[PDB]
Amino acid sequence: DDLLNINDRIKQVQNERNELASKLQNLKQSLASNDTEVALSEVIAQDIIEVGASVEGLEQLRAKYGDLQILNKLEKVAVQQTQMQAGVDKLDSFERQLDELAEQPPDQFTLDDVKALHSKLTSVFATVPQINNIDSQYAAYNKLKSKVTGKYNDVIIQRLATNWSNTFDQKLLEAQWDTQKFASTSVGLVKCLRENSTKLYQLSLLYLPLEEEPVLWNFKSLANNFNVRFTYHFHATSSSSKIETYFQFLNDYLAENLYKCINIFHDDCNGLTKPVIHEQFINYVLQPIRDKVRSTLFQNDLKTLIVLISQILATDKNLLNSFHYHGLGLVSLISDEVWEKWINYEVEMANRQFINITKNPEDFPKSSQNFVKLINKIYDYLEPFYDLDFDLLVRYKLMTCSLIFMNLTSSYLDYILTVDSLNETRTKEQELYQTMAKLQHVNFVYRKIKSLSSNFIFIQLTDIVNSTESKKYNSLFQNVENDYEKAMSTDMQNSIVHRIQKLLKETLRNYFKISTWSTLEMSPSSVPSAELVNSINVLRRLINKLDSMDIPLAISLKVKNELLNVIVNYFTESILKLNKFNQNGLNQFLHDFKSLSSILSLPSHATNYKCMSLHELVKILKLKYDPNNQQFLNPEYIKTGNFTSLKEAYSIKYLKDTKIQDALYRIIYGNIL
């Protein structure tokens, strides 16, 4: 029955004995290891284990076995716990005292009574030494500290403050101090007044901020008369056109009271400096306004949100210069969540507009213009934002970049890479021009970005991003700038080249069929082969279009160069290699070649490898018409493979040896009549 229980407790004890046993062994082994000094015995180790969590204990274990470097490493840890636990004990005794004072009505307290409580609470906080042992028994103490601090500010600082603040703004209404009806000559009042603002100001400062700024009740009261008047007069909801009326009453109110206050309540000896009052008074007089706006805001449209924010910004810079107030403008009225809604609604606005200027093929020809115009419009709008200095909303400044300018920009590169404004039916040439047009479009928007990146606003936002995450970007536009660069440098540039090559090939159909090459005898004003005339016209035409496009110089040149190589390959393989030539025809060739390739209009005396090699090749072929050197035409020399006599003789610097041999061979085998 109960013996079953007893049978079990026996088994328990037999186990618990073993646990405590081996746990005590593993421990002794730990005190050994953590003892680099090697001064521990068995008896001492045991004594440590008997009285080794108490500071008083460890101390006596020093009165005995001297100053062991392991006892220290324990006592430090010991004292650090005995206090932290002493802290929690004090806090708890305080929570209680508060809980009971939460009953005592706010009138029965004195500035002192509060002062005492504040000293006593900071005194407790000072007991506990700040240690950085990740989540020690610390986390517990910390939660408690925070909790009692909370109660202290609520039940003591706030209750008392609201109360005295009310009693104090009653005297401020009666004394109607912010009007000419004020008995400034009384002098007895003036003292009672500032003595009250001070008494309240100092109580305000007894607020203890929570670990991981304070409300100035004396100022809440001073701005109350303005507040009563302001709320009554502006009864109806806050309108867009109304915000201006607010600041008007504000200016007038301040321009007539700002200094009355500065003089009536300044009590320097107690911290109430004139700059302070000048500063704070405006801060608190702005509150009743911040609330009207704040109120009307969220209880209003999204379309209005965008309007009401710019206006807030606008109106705020206006105050910055008016009374040169450095404090919080109305800027702070805009909640962190209200901002997030803005950027969203601002982004959707950008994308809406982007579409409107790119939704149809009719829009394509002026898209670059219109896109930069859109990018401008958006930045002008964001100018007031950006202008603001308090870094809190710096997170939204970076968003503004990425989700608007950056998206829109690459969103444009995408528009350009996937569009077609041409009719269902079209000509190869119309397509080439569209490509060239796209290159011009892309390069225009590319410049604008590059320009935009030299805007102080972004040079700094970048520095921020760069220090913030230890990276070294050249700009926040750097990626989209690479996107564009590549698009222009490969995608389009090659497209231009391939398309032109396609067009060119078509026009050479008849020039490829010429047979004359072996029978003509250039009888002297020469003219290019008749069948090459159309090719020259088209190419002249195509390149004129290219030179009229605002394309970067490096690309205009790569295209022209690539084309030159292509043209050279054509004449070398499709004409030279598949036909028999004779003195006269061999020059008609070079004339035709030059007549066509000189249209690319590359820089003069600028070397093109392939092009040079072609000339050198046509020269070595004329060796059949050169008596002074018709030595190099002996089968034995060709097969030899060493051409250093020829190279030097004909100044051949480009034609590779392999091609030089085939050249000769082409002569010897009679391909050159």
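Sequential numbering from 1, following the sequence displayed.
* To do: Can you count, per the entry, how many deposited residues between residue 523 and residue 524 come without coordinates? Answer none, 1 to 3, 4 to 9, or 10 or more.
  => The entry has 4 to 9 unmodelled residues between residue 523 and residue 524.
* Hey, how big is the hole between residue 212 and residue 213 in terms of deposited residues without coordinates: none, 1 to 3, 4 to 9, or 10 or more? -> 10 or more residues are missing.
* Asked: Hey, which bit's got the bigger mean C-alpha B factor in the entry, 587 to 595 or 104 to 112?
  -> It is 104 to 112 that shows the higher mean C-alpha B-factor.
* **Higher-scoring stretch by recorded Cα B factor average, 124 to 132 or 420 to 428** => For C-alpha atoms only, the mean B-factor is higher in 124 to 132.
* Asked: Can you tell me which of 162, 225, 518, 556 has the highest Cα temperature factor in the record?
  -> Spelled out: the listed residue with the top C-alpha B-factor is 518.
* Among all modelled residues of this chain, ranked by Cα B factor, put residue 658 in the bottom, middle or top third, i.e. lowest, middle or highest. => Residue 658: CA B-factor falls in the highest third of its chain.
* Select lowest, middle or highest to describe the third in which the CA B-factor of residue 362 falls within its chain in this entry. => Middle third.
* Position of residue 18 among the chain's modelled residues by C-alpha B-factor, lowest, middle or highest third -> Middle third - that is where residue 18 ends up once the chain's C-alpha B-factors are sorted.
* Considering only modelled residues of the same chain, in which third does the CA B-factor of residue 290 rank: lowest, middle or highest? -> CA B-factor rank for residue 290: lowest third.
* **Within-chain third of residue 531 by Cα B-factor, per the entry** => Its C-alpha B-factor belongs to the lowest third of this chain's values.
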